Trainee: 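After the structure tokens below, expect a handful of questions from me.
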Amino acid sequence: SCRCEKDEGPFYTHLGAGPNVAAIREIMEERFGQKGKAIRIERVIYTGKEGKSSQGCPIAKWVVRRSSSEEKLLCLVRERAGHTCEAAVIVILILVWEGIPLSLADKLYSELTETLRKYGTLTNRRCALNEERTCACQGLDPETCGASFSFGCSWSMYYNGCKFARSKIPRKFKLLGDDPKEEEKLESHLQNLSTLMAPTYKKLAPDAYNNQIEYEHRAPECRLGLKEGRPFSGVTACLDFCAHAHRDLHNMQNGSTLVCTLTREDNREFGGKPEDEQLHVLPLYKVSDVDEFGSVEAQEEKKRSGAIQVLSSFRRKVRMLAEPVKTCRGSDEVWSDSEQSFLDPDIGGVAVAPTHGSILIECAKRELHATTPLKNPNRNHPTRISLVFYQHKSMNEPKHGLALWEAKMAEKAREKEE
DNA sequence: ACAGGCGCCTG
DNA sequence: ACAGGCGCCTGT
Ligand SMILES: O=C(O)CNC(=O)C(=O)O
Ligand SMILES: [Mn+2]
Ligand SMILES: [Zn+2]
Ligand SMILES: [Zn+2]
Ligand SMILES: [Zn+2]
């Protein structure tokens, strides 16, 4: 749509686009309803060189941290190299520091932990391990190791639609065994949160939100939420889960992912130093040498203030499995280094530090992203809980696509009698 | 090409 | 507890 594209980064506008960074501020000021220092914009440069440890596990090289209590909205923008059009600068990440009420976040942290640690059924995903399938970033204790728990509806290759095509009364929030009371409590928590987060999605990313509500009245059984405007279809809970570098390839194109962060009780004040902390990382990006307004000194001031933490290399002892985890059916200590990624200035690794009750928005299908491993993961008392709300592709059929499935296999009855 | 996935169903 | 069915698409 311009006469100015390959490895400039993925191109999309449904989070926000404009001719320059100043135009982005006008948009974000109009969306959020405030002006000035409440909105913070950081320029990030796409390099395409993935930051990773010597074992291939997520690392951060720069940490964007909330500057002050006056900073309410954080926006990461990408200036597409060599573009002078009206989409030369696009938005790739939005972070509402004060996303949900803190009493709700305090309450959700303990309830989801206690429910999921006891009755939760673990969902094994590809990003749970590094590429050699031998890391131990989640921890090796099966009772305490970090884990992913997915709920709602999901896309299925066997139906090219919702996985509940053959499910009479599907259990969107299934827990171990058959405990309807406990599943109802978990359902109410995540349904209330989907309901609360929906208007925030619409306010700050209206174009992407509008794309996810297009077929709301055609396939309501594949949507979450209890009020009009239901952009989410599935939700995943991540308890001390180290998501290795990945894209969420099942998500619907031109959509986005909303992540609500809940943190351990030792990491709930602004001016505090927690014992451990999980970060959300964009491995293909470096930070700019300049701030939103084009000042080098403002960027250098943020680095010395801590608003942009410039990390250095590390060498830590980690565990590596003696046998890779099998696709579909002991250990030894090893040094994991990071010096190689820090010696190359163009190797990426821009992270944000999500706070208790914050809400993060990003197009997780297009942008490579990851979460750092915890020093001592423990899903019974996790450092970080992330609730990831998304809508998968081909989720626009009523009743989980039941009518299309039995119509497809009714065609087999016609082919059978031949 | 092609390995491998935020699966659930009947029997 | 199990076996076997239903098969799409993306990064590379
Ligand atoms: O937890 C986060 O911040 C990001 N989570 C994911 O990307 C995921 O679970 O797929
Ligand atoms: Mn993800
Ligand atoms: Zn790992
Ligand atoms: Zn252009
Ligand atoms: Zn469904």
Side-chain angles (χ1 to χ4, degrees), chain A residues 6-7 9-10 48-50 56 112 116 120-133 138 146-167 170-177 186 190 194 221-222 224 232-239 241-253 255-260 283-284 324-325 327-328 362-371 379 385-397 400-407 409-411 413:
Chain A
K6 323 92 152 162
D7 49 10
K49 314 226 250 195
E50 167 194 354
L112 300 189
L116 294 175
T121 180
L122 291 81
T123 64
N124 290 98
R125 303 166 60 196
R126 184 69 186 183
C127 58
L129 281 141
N130 64 350
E131 201 205 89
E132 321 285 349
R133 294 221 302 270
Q138 321 293 349
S148 266
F149 304 89
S150 302
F151 308 101
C153 308
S154 289
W155 173 86
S156 161
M157 58 176 166
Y158 299 109
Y159 312 121
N160 197 15
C162 176
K163 64 178 181 179
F164 290 135
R166 300 186 62 193
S167 288
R171 293 162 71 177
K172 292 183 170 187
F173 304 90
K174 194 143 100 194
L175 300 170
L176 282 174
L186 174 57
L190 296 180
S194 323
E221 295 82 23
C222 287
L224 300 166
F232 315 126
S233 77
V235 58
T236 292
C238 299
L239 274 60
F241 176 72
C242 167
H244 296 64
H246 69 299
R247 300 174 181 89
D248 293 327
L249 304 170
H250 305 141
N251 290 1
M252 58 170 291
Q253 201 75 340
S256 93
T257 279
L258 264 73
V259 177
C260 176
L284 299 178
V325 180
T327 66
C328 75
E362 83 182 357
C363 177
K365 190 181 188 307
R366 305 296 306 278
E367 297 285 0
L368 192 76
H369 55 290
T371 60
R379 64 174 189 266
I385 301 186
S386 76
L387 308 174
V388 188
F389 291 80
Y390 46 86
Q391 183 190 324
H392 282 170
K393 71 184 188 221
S394 314
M395 306 295 278
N396 306 316
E397 291 291 327
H400 314 285
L402 166 59
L404 253 200
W405 160 258
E406 51 189 14
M409 272 216 327
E411 181 76 20

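Numbers restart at 1 for each chain; the letters A, B, ... are given by sequence-line order, proteins then strands.
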Trainee: North or south for the sugar of B:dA1? Use the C1'-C2'-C3'-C4' sign convention, positive meaning north.
Mentor: south
Trainee: Parallel, tilted or perpendicular: which one describes the rings of A:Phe232 and A:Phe389, with boundaries at 30° and 60°?
Mentor: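 Geometry flag for A:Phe389 against A:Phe232: tilted rings.
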Trainee: Sticking with atom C1', work out how far C:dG7 lies from B:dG5, rounded to a whole angstrom.
Mentor: 12 Å
Trainee: Based on whether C1'-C2'-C3'-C4' is positive or negative, which pucker family does C:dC8 belong to?
Mentor: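 South, since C1'-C2'-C3'-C4' is negative for C:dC8.
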Trainee: Can you see if the side chain of A:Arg126 gets near the phosphate of B:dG5 - specifically, an N or O under 4.0 Å from OP1 or OP2?
Mentor: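 Answer yes for this pair, as a side-chain N or O of A:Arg126 is under 4.0 Å from OP1 or OP2.
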Trainee: Find the distance A:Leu404:CG to C:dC6:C1' and express it as a whole number of Å.
Mentor: 14 Å
Trainee: Could you tell me the separation between the NZ atom of A:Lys393 and the P atom of C:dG7, rounded to a whole number of Å?
Mentor: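 Those two atoms, NZ and P, are 16 Å apart.
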Trainee: Based on the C1'-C2'-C3'-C4' dihedral, does B:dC2 have a north or a south sugar?
Mentor: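 Sugar pucker of B:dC2 - south, given that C1'-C2'-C3'-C4' is below zero.
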Trainee: With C1'-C2'-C3'-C4' as the criterion (positive north, negative south), name the sugar pucker of C:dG5.
Mentor: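 On the sign test, where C1'-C2'-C3'-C4' is positive, C:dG5 is classed north.
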Trainee: Of A:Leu116, A:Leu112, A:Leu122, which meets side chain to side chain contact (heavy atoms under 4.5 Å, CB included) against A:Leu239?
Mentor: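 Answer after filtering A:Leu116, A:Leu112, A:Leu122: A:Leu116.
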Trainee: Determine if A:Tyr158 stacks with C:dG5; use a centre-to-centre distance below 5.5 Å and an interplanar angle below 30° as the criteria.
Mentor: no
Trainee: Quick one: label A:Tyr390 by what it contacts on the DNA or RNA (base, sugar-phosphate, nothing), any heavy atom closer than 4.0 Å.
Mentor: base
Trainee: C:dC8 and B:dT10: how far apart are their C1' atoms, nearest whole angstrom?
Mentor: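 Going atom to atom, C1' in each nucleotide, I get 23 Å.
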Trainee: Regarding A:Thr236, tell me which of base, sugar-phosphate or nothing describes its non-hydrogen contacts under 4.0 Å with the strands shown.
Mentor: base
